[PDB]
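Data first, discussion second: the structure below is written as structure tokens.
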Amino acid sequence: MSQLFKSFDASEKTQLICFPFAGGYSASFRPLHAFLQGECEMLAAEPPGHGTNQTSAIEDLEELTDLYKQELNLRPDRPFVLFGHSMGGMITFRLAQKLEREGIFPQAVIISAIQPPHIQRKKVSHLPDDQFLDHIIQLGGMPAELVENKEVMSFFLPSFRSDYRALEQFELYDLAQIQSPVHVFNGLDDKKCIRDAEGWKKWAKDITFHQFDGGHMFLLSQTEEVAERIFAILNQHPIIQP
């Protein structure tokens, strides 16, 4: 009972975007994937029109490899990028992510969105308050203790070493000096310095890394200048304007 457009060819690269938007990440990734990649599966979520067959439910992956390779199933697409909104959808994501990890462990391209304010309880020498807010998982007031799991798996928390080692359990004490695959960070409207600190700490930058933050923090909202400022420079990060 839902609409969902999709168009894959030779299983190049899966691109899931439910009601996306140009903004800046789109104009930045556009040329990034258009210059580094090409002929990639293009799909997106559409509004309800008329009962045709069934509801999307983010099942185009199999629905495609099956409705096309019905004759014989070999293997789905390795890469997969899912773009969501700043609202929240642990459900839709739960199916997508689960479908990915279950579809193929060794993935190349992968984008995480809806990055919640909460952070995997850990200890870092980033700031004297980092650990505080890390265990507080509030950043504006957000009561949740029995969802930290469904969030790290669905919401896709920012904490890389956490989720990573939580889904691979192979992470080492050293993660610096790493680059090859493709990935991008989306959301982090609340905290942005968290990813910049915990991100640069490893000095690792995949062949294609991007950062798209909004700004809804307690102070971020107060100073609209800083907000719009970051957004602009963010869209010009990869390509500066004349």
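Using ideal geometry, Cβ is built from the backbone for each residue, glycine included, and neighbour counts are taken over all protein chains shown. Bear in mind that the values in this text are calculations on the coordinates, not laboratory data.
Annotations
- Structure remark: mean-square fluctuation, Gaussian network model of the chain, C-alpha springs under 10 Å; the largest value among 26, 125, 162 belongs to 125.
- Helix 25-36 axis versus longest C-alpha principal axis of the chain: approximately 60°, rounded to the nearest ten.
- Structure note, pairs 122/191; 6/69; 123/201; 13/201; 13/69; 123/205: Cα-Cα distances above 18 angstrom occur for 13/201; 123/205.
- MRE, 222 nm, helices only [DSSP H, n ≥ 4, -39500 (n - 2.57), over the chain, to nearest 500]: -9000 deg cm²/dmol
- Label-point gap, in nm, between residue 22 and residue 57 - each point 7 angstrom along Cα→Cβ: 3.6
- Nearest-0.05 FRET efficiency for residue 166 and residue 219, computed from C-beta distance (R0 45 Å): 0.90
- Cut-off of 10 Å, at most 14 other beta carbons, DSSP loop: longest stretch of the chain lacking such GluC sites (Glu not before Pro): 169-242
- When both the stretch 149-203 and the stretch 1-66 are represented by their alpha-carbon centers, they are found 24 Å apart.
- Taking a Cβ cut-off of under 15 Å around residue 230, the surrounding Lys, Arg, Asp and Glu residues balance to a net charge of -3, with basic ones at +1 and acidic ones at -1.
- Expressed to the nearest 5 percent, the antiparallel share of DSSP beta bridges inside the chain is 20 percent.
- Applying both filters, DSSP loop and at most 11 other Cβ atoms within 10 Å, to the chymotrypsin sites (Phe, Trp or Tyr not before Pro) of the stretch 100-171 gives 170.
- Residue 239 paired with residue 173, simple spin-label distance in nm, labels 7 Å along Cα-to-beta-carbon: 4.4
- Taking 0.36 nm per residue of separation and subtracting the current Cα-Cα distance, fully stretching the chain between residue 7 and residue 36 would add 8.5 nm.
- Cα centroid separation, the stretch 77-115 to the stretch 205-230 (Å): 22
- FRET efficiency estimate (nearest 0.05) - Cβ-Cβ, residue 232 to residue 46, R0 41 angstrom: 0.85
- Relative contact order of the chain, pairs being alpha-carbon contacts under 8 Å that are 6 or more residues apart, as %: 19
- Using alpha-carbon coordinates, inclination of helix 60-69 to the longest axis of the chain, degrees: 30
- Build a GNM of the chain with springs between Cα atoms under 10 Å apart, and of 205, 69, 98 the one that fluctuates most is 69.
- Highest-first packing order for the peptide set 133-139, 233-239 is 133-139, 233-239, based on the mean count of other beta carbon atoms within 10 Å.
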